[PDB]
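Please read the structure below before turning to the comments.
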There are 2 protein chains.
Amino acid sequence: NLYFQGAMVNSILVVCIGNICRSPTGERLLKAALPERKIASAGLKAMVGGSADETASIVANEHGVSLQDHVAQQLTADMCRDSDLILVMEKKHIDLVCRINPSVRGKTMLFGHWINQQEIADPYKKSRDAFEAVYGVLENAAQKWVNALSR
Amino acid sequence: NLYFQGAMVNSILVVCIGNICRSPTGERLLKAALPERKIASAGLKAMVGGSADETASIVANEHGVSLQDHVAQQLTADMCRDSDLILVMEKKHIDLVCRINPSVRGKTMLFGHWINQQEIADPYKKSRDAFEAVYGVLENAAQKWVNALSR
(Lines give C-alpha, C1' and ligand atoms only; values in the text may rest on other atoms or scores of the structure.)
Protein backbone atom coordinates (compact mmCIF):
# COMPACT_ATOMS: atom_id res chain seq x y z
CA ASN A 1 0.00 0.00 0.00
CA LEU A 2 1.41 3.34 -1.14
CA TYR A 3 1.07 6.80 0.22
CA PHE A 4 2.32 10.32 -0.48
CA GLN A 5 1.48 13.75 0.89
CA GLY A 6 -1.23 12.49 3.24
CA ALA A 7 -3.08 10.54 0.58
CA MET A 8 -3.15 7.01 -1.01
CA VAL A 9 -1.32 6.52 -4.31
CA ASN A 10 -3.16 3.99 -6.41
CA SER A 11 -2.06 5.27 -9.82
CA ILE A 12 1.18 6.74 -11.17
CA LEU A 13 1.60 8.50 -14.52
CA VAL A 14 5.09 8.93 -15.97
CA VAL A 15 5.29 11.87 -18.42
CA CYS A 16 7.88 13.02 -20.95
CA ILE A 17 7.66 14.34 -24.54
CA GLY A 18 7.40 11.66 -27.19
CA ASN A 19 6.28 8.78 -24.92
CA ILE A 20 8.77 6.42 -26.62
CA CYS A 21 12.00 6.55 -24.47
CA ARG A 22 12.44 7.65 -20.78
CA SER A 23 8.75 7.52 -20.01
CA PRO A 24 7.96 3.91 -21.06
CA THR A 25 11.17 2.81 -19.37
CA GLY A 26 10.19 4.56 -16.14
CA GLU A 27 6.65 3.13 -16.42
CA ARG A 28 7.86 -0.42 -16.78
CA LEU A 29 10.44 -0.16 -13.99
CA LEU A 30 7.64 0.99 -11.64
CA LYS A 31 5.27 -1.72 -12.91
CA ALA A 32 7.88 -4.43 -12.24
CA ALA A 33 8.05 -3.26 -8.62
CA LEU A 34 4.35 -2.54 -8.23
CA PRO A 35 2.46 -5.28 -10.07
CA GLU A 36 -0.91 -4.47 -8.45
CA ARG A 37 -0.84 -0.72 -9.07
CA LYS A 38 -2.06 1.23 -12.11
CA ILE A 39 1.07 2.59 -13.79
CA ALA A 40 1.00 4.31 -17.21
CA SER A 41 2.88 6.89 -19.22
CA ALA A 42 2.09 9.65 -21.67
CA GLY A 43 3.80 12.28 -23.72
CA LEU A 44 3.47 16.06 -23.80
CA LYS A 45 3.65 15.79 -27.60
CA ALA A 46 3.54 12.11 -28.20
CA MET A 47 4.46 9.97 -31.21
CA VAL A 48 0.95 8.61 -30.90
CA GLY A 49 0.84 4.87 -31.64
CA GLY A 50 4.57 4.37 -31.51
CA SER A 51 6.22 1.44 -29.76
CA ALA A 52 9.11 1.91 -27.38
CA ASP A 53 12.37 3.11 -28.89
CA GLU A 54 14.48 0.20 -30.15
CA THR A 55 17.58 1.10 -28.15
CA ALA A 56 15.57 1.78 -25.01
CA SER A 57 13.99 -1.68 -25.42
CA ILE A 58 17.36 -3.43 -25.94
CA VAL A 59 18.86 -1.86 -22.84
CA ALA A 60 15.81 -2.59 -20.70
CA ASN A 61 15.78 -6.21 -21.85
CA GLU A 62 19.43 -6.64 -20.83
CA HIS A 63 18.35 -5.68 -17.32
CA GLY A 64 15.32 -7.99 -17.32
CA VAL A 65 12.67 -5.38 -18.03
CA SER A 66 10.22 -5.60 -20.93
CA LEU A 67 8.94 -2.61 -22.88
CA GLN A 68 6.76 -4.82 -25.06
CA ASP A 69 3.36 -3.71 -26.26
CA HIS A 70 3.90 -0.10 -25.45
CA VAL A 71 1.62 2.27 -27.35
CA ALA A 72 2.54 5.92 -27.10
CA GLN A 73 -0.26 8.26 -26.08
CA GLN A 74 -0.82 11.99 -25.78
CA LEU A 75 -1.15 13.46 -22.28
CA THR A 76 -4.62 14.86 -21.62
CA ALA A 77 -6.08 16.93 -18.80
CA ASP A 78 -8.23 13.96 -17.81
CA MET A 79 -5.18 11.68 -17.42
CA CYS A 80 -3.63 14.32 -15.16
CA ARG A 81 -6.75 14.56 -13.01
CA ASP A 82 -7.16 10.78 -12.71
CA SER A 83 -3.56 10.04 -11.66
CA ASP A 84 -2.58 10.23 -8.00
CA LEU A 85 1.09 11.00 -8.76
CA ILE A 86 2.59 12.44 -11.97
CA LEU A 87 6.34 11.98 -12.51
CA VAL A 88 8.40 14.01 -15.00
CA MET A 89 12.06 13.73 -15.95
CA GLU A 90 13.14 17.39 -15.91
CA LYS A 91 12.01 20.42 -13.91
CA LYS A 92 10.94 22.37 -17.00
CA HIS A 93 8.37 19.66 -17.71
CA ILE A 94 6.37 20.47 -14.57
CA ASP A 95 5.14 23.73 -16.06
CA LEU A 96 4.36 21.86 -19.30
CA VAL A 97 2.11 19.43 -17.44
CA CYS A 98 0.45 22.34 -15.65
CA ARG A 99 -0.37 23.99 -19.01
CA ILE A 100 -2.37 20.84 -19.89
CA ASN A 101 -4.00 20.81 -16.43
CA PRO A 102 -3.31 23.72 -14.09
CA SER A 103 -4.74 21.98 -11.01
CA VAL A 104 -2.19 19.16 -10.69
CA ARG A 105 1.02 20.99 -9.73
CA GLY A 106 0.76 19.63 -6.16
CA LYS A 107 1.05 16.03 -7.29
CA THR A 108 3.56 16.56 -10.10
CA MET A 109 7.08 15.53 -9.01
CA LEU A 110 10.44 14.58 -10.51
CA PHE A 111 10.98 10.97 -11.36
CA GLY A 112 14.40 11.57 -9.81
CA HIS A 113 13.00 13.24 -6.63
CA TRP A 114 14.67 10.65 -4.37
CA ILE A 115 18.14 10.70 -6.02
CA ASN A 116 20.87 13.25 -5.53
CA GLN A 117 21.01 14.52 -9.11
CA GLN A 118 17.20 15.13 -9.28
CA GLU A 119 16.97 15.49 -13.09
CA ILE A 120 17.39 12.70 -15.67
CA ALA A 121 18.96 13.37 -19.03
CA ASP A 122 17.41 12.67 -22.42
CA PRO A 123 19.14 9.81 -24.31
CA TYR A 124 16.94 9.96 -27.40
CA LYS A 125 19.08 9.65 -30.56
CA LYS A 126 22.24 9.51 -28.43
CA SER A 127 24.71 6.67 -28.04
CA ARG A 128 24.11 3.25 -26.59
CA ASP A 129 26.20 4.40 -23.64
CA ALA A 130 23.74 7.30 -23.01
CA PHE A 131 20.81 4.84 -22.95
CA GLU A 132 22.66 2.51 -20.55
CA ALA A 133 23.57 5.38 -18.20
CA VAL A 134 20.02 6.74 -18.23
CA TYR A 135 18.54 3.30 -17.62
CA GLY A 136 20.63 2.91 -14.48
CA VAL A 137 19.52 6.33 -13.24
CA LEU A 138 15.87 5.52 -13.92
CA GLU A 139 16.23 2.13 -12.19
CA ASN A 140 17.68 3.76 -9.07
CA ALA A 141 15.11 6.57 -9.12
CA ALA A 142 12.23 4.12 -9.51
CA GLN A 143 13.40 1.94 -6.62
CA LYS A 144 13.80 4.99 -4.40
CA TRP A 145 10.22 6.07 -5.25
CA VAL A 146 8.92 2.60 -4.34
CA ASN A 147 10.78 2.74 -1.05
CA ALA A 148 9.46 6.17 -0.24
CA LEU A 149 5.87 5.38 -1.13
CA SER A 150 5.82 2.17 0.88
CA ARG A 151 7.94 2.77 4.05
CA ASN B 1 31.28 16.50 2.32
CA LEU B 2 27.86 17.35 0.91
CA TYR B 3 26.51 17.37 -2.58
CA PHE B 4 23.26 18.01 -4.42
CA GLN B 5 22.30 18.31 -8.08
CA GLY B 6 25.84 17.85 -9.37
CA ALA B 7 27.35 20.50 -7.14
CA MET B 8 28.94 20.89 -3.63
CA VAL B 9 26.72 22.17 -0.82
CA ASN B 10 28.78 24.26 1.55
CA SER B 11 25.98 26.50 2.81
CA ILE B 12 22.30 25.95 3.60
CA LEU B 13 19.71 28.68 4.21
CA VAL B 14 16.44 27.79 5.94
CA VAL B 15 13.63 30.26 5.09
CA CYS B 16 10.18 30.91 6.51
CA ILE B 17 8.22 34.10 7.34
CA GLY B 18 9.04 35.61 10.72
CA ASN B 19 12.40 33.85 11.28
CA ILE B 20 11.43 33.07 14.89
CA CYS B 21 9.85 29.53 14.84
CA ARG B 22 10.22 26.72 12.18
CA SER B 23 13.21 28.32 10.52
CA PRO B 24 15.55 28.71 13.53
CA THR B 25 14.55 25.22 14.65
CA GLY B 26 15.38 23.79 11.23
CA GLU B 27 18.65 25.77 11.17
CA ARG B 28 19.79 24.45 14.50
CA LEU B 29 18.83 20.84 13.76
CA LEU B 30 20.99 21.02 10.60
CA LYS B 31 23.84 22.74 12.47
CA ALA B 32 23.86 20.00 15.14
CA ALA B 33 24.36 17.43 12.37
CA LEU B 34 26.70 19.53 10.26
CA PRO B 35 29.01 21.39 12.63
CA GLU B 36 31.51 22.38 9.91
CA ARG B 37 28.98 23.73 7.42
CA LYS B 38 27.56 27.26 7.11
CA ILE B 39 23.90 26.99 8.12
CA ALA B 40 21.66 30.05 8.61
CA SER B 41 18.04 31.10 8.42
CA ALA B 42 16.05 34.10 7.34
CA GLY B 43 12.50 35.29 7.06
CA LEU B 44 10.44 36.48 4.11
CA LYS B 45 9.08 39.19 6.41
CA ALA B 46 11.14 38.81 9.49
CA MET B 47 10.67 40.02 13.07
CA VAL B 48 14.10 41.56 12.65
CA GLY B 49 16.15 41.28 15.85
CA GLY B 50 13.84 38.81 17.53
CA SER B 51 15.08 35.77 19.43
CA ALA B 52 13.62 32.34 18.86
CA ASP B 53 10.02 31.82 19.95
CA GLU B 54 9.81 30.80 23.62
CA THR B 55 7.80 27.64 23.00
CA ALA B 56 9.98 26.62 20.06
CA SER B 57 13.02 27.03 22.34
CA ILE B 58 11.49 24.97 25.18
CA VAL B 59 10.62 22.11 22.88
CA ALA B 60 14.01 22.12 21.17
CA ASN B 61 15.78 22.13 24.52
CA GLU B 62 13.82 19.06 25.65
CA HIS B 63 15.30 17.27 22.65
CA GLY B 64 18.84 18.53 23.29
CA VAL B 65 18.90 21.30 20.71
CA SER B 66 19.70 24.92 21.53
CA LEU B 67 18.10 27.91 19.83
CA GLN B 68 20.18 30.34 21.88
CA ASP B 69 21.48 33.55 20.43
CA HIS B 70 19.23 33.50 17.45
CA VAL B 71 18.73 36.90 15.82
CA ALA B 72 15.97 37.06 13.25
CA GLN B 73 16.94 38.54 9.89
CA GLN B 74 15.21 39.56 6.69
CA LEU B 75 15.84 37.46 3.58
CA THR B 76 17.71 39.37 0.89
CA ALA B 77 18.54 38.62 -2.74
CA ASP B 78 22.21 38.43 -1.80
CA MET B 79 21.55 35.74 0.85
CA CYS B 80 19.70 33.74 -1.80
CA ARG B 81 22.56 34.03 -4.27
CA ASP B 82 25.23 33.13 -1.71
CA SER B 83 23.50 29.98 -0.39
CA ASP B 84 24.03 26.65 -2.13
CA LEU B 85 20.69 25.21 -0.96
CA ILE B 86 17.58 27.11 0.21
CA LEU B 87 14.99 25.15 2.23
CA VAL B 88 11.39 26.31 2.77
CA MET B 89 8.61 24.78 4.83
CA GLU B 90 5.67 24.99 2.43
CA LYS B 91 5.38 24.89 -1.37
CA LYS B 92 3.84 28.36 -1.59
CA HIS B 93 7.03 29.78 -0.09
CA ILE B 94 9.11 28.79 -3.12
CA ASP B 95 7.48 31.46 -5.26
CA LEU B 96 7.98 33.94 -2.38
CA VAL B 97 11.71 33.28 -2.36
CA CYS B 98 11.80 33.62 -6.14
CA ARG B 99 10.16 37.08 -5.90
CA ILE B 100 13.15 38.18 -3.77
CA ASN B 101 15.60 36.52 -6.19
CA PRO B 102 14.22 35.04 -9.41
CA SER B 103 17.41 33.12 -10.25
CA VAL B 104 17.40 30.65 -7.35
CA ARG B 105 14.38 28.45 -8.07
CA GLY B 106 16.69 25.55 -9.04
CA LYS B 107 18.23 25.35 -5.59
CA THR B 108 15.10 26.12 -3.57
CA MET B 109 13.62 22.92 -2.07
CA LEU B 110 11.26 21.81 0.68
CA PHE B 111 12.72 21.25 4.08
CA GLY B 112 10.50 18.16 4.05
CA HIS B 113 11.66 16.99 0.56
CA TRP B 114 12.86 13.63 1.94
CA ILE B 115 9.77 12.82 4.06
CA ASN B 116 6.47 11.43 2.86
CA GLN B 117 4.29 14.38 3.86
CA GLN B 118 6.57 16.94 2.08
CA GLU B 119 5.12 20.08 3.77
CA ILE B 120 5.55 21.10 7.42
CA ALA B 121 2.79 22.88 9.29
CA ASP B 122 3.08 26.22 11.06
CA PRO B 123 2.87 25.92 14.89
CA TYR B 124 3.21 29.63 15.62
CA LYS B 125 0.72 30.67 18.33
CA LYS B 126 -0.66 27.12 18.45
CA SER B 127 -0.57 24.64 21.31
CA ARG B 128 2.44 23.06 22.93
CA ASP B 129 1.35 19.84 21.24
CA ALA B 130 1.59 21.54 17.79
CA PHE B 131 5.17 22.66 18.56
CA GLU B 132 6.14 19.15 19.72
CA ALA B 133 4.62 17.52 16.62
CA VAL B 134 6.32 20.01 14.29
CA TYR B 135 9.66 19.59 16.04
CA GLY B 136 9.56 15.85 15.42
CA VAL B 137 8.75 16.41 11.76
CA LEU B 138 11.59 18.92 11.39
CA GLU B 139 14.00 16.55 13.18
CA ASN B 140 13.14 13.71 10.80
CA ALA B 141 13.26 15.98 7.75
CA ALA B 142 16.63 17.41 8.77
CA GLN B 143 18.16 13.97 9.30
CA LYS B 144 16.87 12.79 5.95
CA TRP B 145 18.45 15.85 4.27
CA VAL B 146 21.79 15.08 5.94
CA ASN B 147 21.59 11.50 4.76
CA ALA B 148 20.76 12.52 1.23
CA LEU B 149 23.47 15.16 0.99
CA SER B 150 26.17 12.87 2.34
CA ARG B 151 25.46 9.33 0.96
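Residue names in the C-alpha coordinates use chain letters A, B, ... in the order shown, residue numbers from 1 in each chain, and ligand numbers from 1 in the order shown.
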
Among range 14-87 of chain B, which residues does DSSP mark as strand (DSSP E or B) when it is run on the backbone? Keep the chain and numbering as in the structure and answer as an NGL selection string.
:B and (14-16 or 38-43 or 74 or 85-87)

Please, could you write that set of residues out with N, CA, C and O atoms as an mmCIF file, in the first residue's frame?
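New file again_12.cif:
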data_model
loop_
_atom_site.group_PDB
_atom_site.id
_atom_site.type_symbol
_atom_site.label_atom_id
_atom_site.label_comp_id
_atom_site.auth_asym_id
_atom_site.auth_seq_id
_atom_site.Cartn_x
_atom_site.Cartn_y
_atom_site.Cartn_z
ATOM 1 N N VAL B 14 17.813 28.230 5.615
ATOM 2 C CA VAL B 14 16.443 27.794 5.936
ATOM 3 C C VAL B 14 15.528 29.043 5.996
ATOM 4 O O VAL B 14 15.793 29.986 6.779
ATOM 5 N N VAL B 15 14.458 29.053 5.215
ATOM 6 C CA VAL B 15 13.630 30.257 5.085
ATOM 7 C C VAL B 15 12.183 30.011 5.456
ATOM 8 O O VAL B 15 11.584 29.059 4.992
ATOM 9 N N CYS B 16 11.627 30.880 6.312
ATOM 10 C CA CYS B 16 10.181 30.912 6.513
ATOM 11 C C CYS B 16 9.761 32.375 6.578
ATOM 12 O O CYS B 16 10.289 33.178 5.808
ATOM 13 N N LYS B 38 28.212 25.983 6.885
ATOM 14 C CA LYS B 38 27.561 27.259 7.114
ATOM 15 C C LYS B 38 26.042 27.048 6.983
ATOM 16 O O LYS B 38 25.556 26.789 5.896
ATOM 17 N N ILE B 39 25.333 27.189 8.083
ATOM 18 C CA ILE B 39 23.903 26.986 8.122
ATOM 19 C C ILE B 39 23.322 28.257 8.734
ATOM 20 O O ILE B 39 23.773 28.702 9.809
ATOM 21 N N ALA B 40 22.341 28.855 8.070
ATOM 22 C CA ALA B 40 21.664 30.054 8.615
ATOM 23 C C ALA B 40 20.181 30.012 8.265
ATOM 24 O O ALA B 40 19.715 29.070 7.588
ATOM 25 N N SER B 41 19.446 31.019 8.719
ATOM 26 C CA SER B 41 18.044 31.097 8.419
ATOM 27 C C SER B 41 17.654 32.546 8.240
ATOM 28 O O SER B 41 18.392 33.454 8.645
ATOM 29 N N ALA B 42 16.525 32.759 7.585
ATOM 30 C CA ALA B 42 16.052 34.104 7.340
ATOM 31 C C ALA B 42 14.570 34.065 7.129
ATOM 32 O O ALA B 42 13.990 32.993 6.921
ATOM 33 N N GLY B 43 13.941 35.237 7.183
ATOM 34 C CA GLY B 43 12.501 35.291 7.060
ATOM 35 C C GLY B 43 12.094 36.139 5.879
ATOM 36 O O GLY B 43 12.642 37.218 5.635
ATOM 37 N N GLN B 74 15.928 39.518 7.933
ATOM 38 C CA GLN B 74 15.206 39.555 6.689
ATOM 39 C C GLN B 74 15.956 38.916 5.543
ATOM 40 O O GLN B 74 17.132 39.193 5.343
ATOM 41 N N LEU B 85 21.983 25.912 -1.042
ATOM 42 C CA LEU B 85 20.690 25.213 -0.961
ATOM 43 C C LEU B 85 19.781 26.080 -0.077
ATOM 44 O O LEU B 85 20.226 26.523 0.996
ATOM 45 N N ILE B 86 18.546 26.322 -0.525
ATOM 46 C CA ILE B 86 17.575 27.111 0.212
ATOM 47 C C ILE B 86 16.397 26.180 0.526
ATOM 48 O O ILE B 86 15.856 25.558 -0.395
ATOM 49 N N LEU B 87 16.047 26.086 1.788
ATOM 50 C CA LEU B 87 14.992 25.152 2.230
ATOM 51 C C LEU B 87 13.826 25.936 2.817
ATOM 52 O O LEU B 87 14.012 26.770 3.714
#

Residues of chain A that have any atom at most 9 Å from an atom of chain B: could you tabulate them with the shortest-distance atom pair and the distance in Å to one decimal, using only C-alpha atoms, ordered by chain and increasing number, as a Markdown table?
| residue | atom | partner | partner_atom | distance |
| --- | --- | --- | --- | --- |
| A:3 | CA | B:116 | CA | 7.6 |
| A:4 | CA | B:116 | CA | 5.4 |
| A:5 | CA | B:117 | CA | 4.1 |
| A:6 | CA | B:117 | CA | 5.9 |
| A:7 | CA | B:117 | CA | 8.9 |
| A:91 | CA | B:106 | CA | 8.5 |
| A:106 | CA | B:91 | CA | 8.5 |
| A:113 | CA | B:113 | CA | 8.2 |
| A:114 | CA | B:114 | CA | 7.2 |
| A:115 | CA | B:148 | CA | 7.9 |
| A:116 | CA | B:4 | CA | 5.4 |
| A:117 | CA | B:5 | CA | 4.1 |
| A:118 | CA | B:5 | CA | 6.1 |
| A:119 | CA | B:5 | CA | 7.8 |
| A:148 | CA | B:116 | CA | 6.8 |
| A:149 | CA | B:116 | CA | 7.3 |
| A:151 | CA | B:116 | CA | 8.9 |

Residues within 10 Å of residue 104 in chain A, only C-alpha atoms, excluding chain neighbours under 6 positions, as a list in words
residues 77, 80, 81, 82, 83, 84, 85, 86, 94, 97 and 98 of chain A

Generate the output file for the selected residues, N, CA, C and O atoms, as a PDB file, in the first residue's frame.
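Result file out_26.pdb:
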ATOM      1  N   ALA A  77      -5.705  16.393 -20.093  1.00  0.00           N
ATOM      2  CA  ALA A  77      -6.085  16.930 -18.798  1.00  0.00           C
ATOM      3  C   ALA A  77      -6.762  15.885 -17.907  1.00  0.00           C
ATOM      4  O   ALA A  77      -6.495  15.811 -16.699  1.00  0.00           O
ATOM      5  N   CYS A  80      -4.283  13.608 -16.276  1.00  0.00           N
ATOM      6  CA  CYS A  80      -3.635  14.321 -15.158  1.00  0.00           C
ATOM      7  C   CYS A  80      -4.521  14.287 -13.929  1.00  0.00           C
ATOM      8  O   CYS A  80      -4.068  14.021 -12.809  1.00  0.00           O
ATOM      9  N   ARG A  81      -5.810  14.585 -14.128  1.00  0.00           N
ATOM     10  CA  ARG A  81      -6.751  14.555 -13.009  1.00  0.00           C
ATOM     11  C   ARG A  81      -6.862  13.175 -12.364  1.00  0.00           C
ATOM     12  O   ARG A  81      -6.857  13.029 -11.129  1.00  0.00           O
ATOM     13  N   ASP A  82      -6.907  12.141 -13.177  1.00  0.00           N
ATOM     14  CA  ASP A  82      -7.162  10.783 -12.714  1.00  0.00           C
ATOM     15  C   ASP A  82      -5.950  10.158 -11.992  1.00  0.00           C
ATOM     16  O   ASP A  82      -6.106   9.241 -11.230  1.00  0.00           O
ATOM     17  N   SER A  83      -4.736  10.656 -12.245  1.00  0.00           N
ATOM     18  CA  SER A  83      -3.557  10.042 -11.660  1.00  0.00           C
ATOM     19  C   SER A  83      -3.288  10.595 -10.280  1.00  0.00           C
ATOM     20  O   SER A  83      -3.385  11.781 -10.086  1.00  0.00           O
ATOM     21  N   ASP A  84      -2.849   9.755  -9.352  1.00  0.00           N
ATOM     22  CA  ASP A  84      -2.577  10.234  -7.997  1.00  0.00           C
ATOM     23  C   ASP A  84      -1.186  10.856  -7.893  1.00  0.00           C
ATOM     24  O   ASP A  84      -0.922  11.669  -6.997  1.00  0.00           O
ATOM     25  N   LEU A  85      -0.279  10.454  -8.771  1.00  0.00           N
ATOM     26  CA  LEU A  85       1.089  10.996  -8.757  1.00  0.00           C
ATOM     27  C   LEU A  85       1.539  11.082 -10.224  1.00  0.00           C
ATOM     28  O   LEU A  85       1.350  10.107 -10.971  1.00  0.00           O
ATOM     29  N   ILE A  86       2.106  12.225 -10.621  1.00  0.00           N
ATOM     30  CA  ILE A  86       2.592  12.440 -11.972  1.00  0.00           C
ATOM     31  C   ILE A  86       4.103  12.681 -11.864  1.00  0.00           C
ATOM     32  O   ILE A  86       4.524  13.554 -11.096  1.00  0.00           O
ATOM     33  N   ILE A  94       7.465  20.277 -15.516  1.00  0.00           N
ATOM     34  CA  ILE A  94       6.374  20.472 -14.571  1.00  0.00           C
ATOM     35  C   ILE A  94       5.428  21.546 -15.068  1.00  0.00           C
ATOM     36  O   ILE A  94       4.228  21.321 -15.104  1.00  0.00           O
ATOM     37  N   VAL A  97       3.261  20.200 -17.929  1.00  0.00           N
ATOM     38  CA  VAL A  97       2.107  19.433 -17.441  1.00  0.00           C
ATOM     39  C   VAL A  97       1.006  20.351 -16.927  1.00  0.00           C
ATOM     40  O   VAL A  97      -0.192  20.129 -17.191  1.00  0.00           O
ATOM     41  N   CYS A  98       1.400  21.400 -16.217  1.00  0.00           N
ATOM     42  CA  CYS A  98       0.454  22.339 -15.646  1.00  0.00           C
ATOM     43  C   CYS A  98      -0.271  23.203 -16.718  1.00  0.00           C
ATOM     44  O   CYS A  98      -1.407  23.646 -16.493  1.00  0.00           O
TER      45      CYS A  98
END

Do a neighbour search on range 25-30 of chain B at 12 Å with only C-alpha atoms, toss out local chain neighbours closer than 6 positions, and write the hits as a count of residues only.
60

Between CA of residue 76 in chain B and CA of residue 99 in chain B, measure the distance and give it in Å to one decimal.
10.4 Å
